[PDB]
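Trainee: what would the 3D arrangement of this be:
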Amino acid sequence: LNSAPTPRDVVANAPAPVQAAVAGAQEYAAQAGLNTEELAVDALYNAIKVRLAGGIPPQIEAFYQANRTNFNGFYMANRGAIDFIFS
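Mentor: Numbers count the residues shown, from 1 in each chain. Okay, here it is:
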């Protein structure tokens, strides 16, 4: 889908740690032949968990399960959470 925005484009304006987690997933997915959006959703969900460990609110878990393969949907759904957790 090469004219589509990639997860890295979707988080162009996100906090640095979000950009880092998404960049790593997108790089690895390309190398290993895995699904980029799915890996990026997993990496960002994990980053949120790591930042909170430092309990996952049920809403964030729910938005993960509702958007497992849809990066833009996952990021948009959790954008307010991300803005708070990463301030």
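Trainee: spatially central residue for this protein, please.
Mentor: Most central in the chain under Cα atoms, centre = their mean is residue 44, positioned 3.2 Å from the mean C-alpha point.
Trainee: for it, give its distance to residue 59.
Mentor: Computed as Cβ to Cβ, to the nearest Å, the residue 44 to residue 59 distance reads 15 Å. C-beta: built from backbone N, CA, C; applies to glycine.
Trainee: what does residue 23 give?
Mentor: 26 Å.
Trainee: and what of residue 14?
Mentor: Applying Cβ to Cβ to residue 14 and residue 59 gives a distance of 19 Å.
Trainee: kindly report the same for residue 65.
Mentor: 11 Å.
Trainee: how about the residue nearest to residue 67 when sequence neighbours are not counted, secondary structure?
Mentor: Leaving out its chain neighbours, the residue that sits closest to residue 67 by Cβ to Cβ, 6 or more residues apart in numbering is residue 74, at 3.7 Å. Look at residue 74: counting by DSSP: H, G, I helix; E, B strand; the rest coil, its state is helix.
Trainee: what about residue 74, distance to residue 32?
Mentor: Residue 74 sits 20 Å away from residue 32, taking Cβ to Cβ as the criterion.
Trainee: and what of residue 49?
Mentor: To residue 32, residue 49 is 22 Å away according to Cβ to Cβ.
Trainee: which one's more surrounded, those two?
Mentor: residue 49 (16 against 8; other Cβ atoms under 10 Å).
Trainee: ramachandran coordinates for that one?
Mentor: Note on residue 49: its backbone torsions stand at phi -60, psi -40 [degrees, to the nearest 10].
Trainee: let me know the secondary structure of the residue lying closest to it once chain neighbours are set aside.
Mentor: Computed as Cβ to Cβ, 6+ apart, the closest residue to residue 49 that is not its neighbour in sequence is residue 56, at 5.7 Å. Recorded secondary structure, residue 56: coil (three-state DSSP).
Trainee: ok, residue 56 touching residue 47?
Mentor: No: counting by Cβ atoms under 8 Å, residue 56 does not reach residue 47; the two are 11.8 Å apart.
Trainee: perfect, that will be all.
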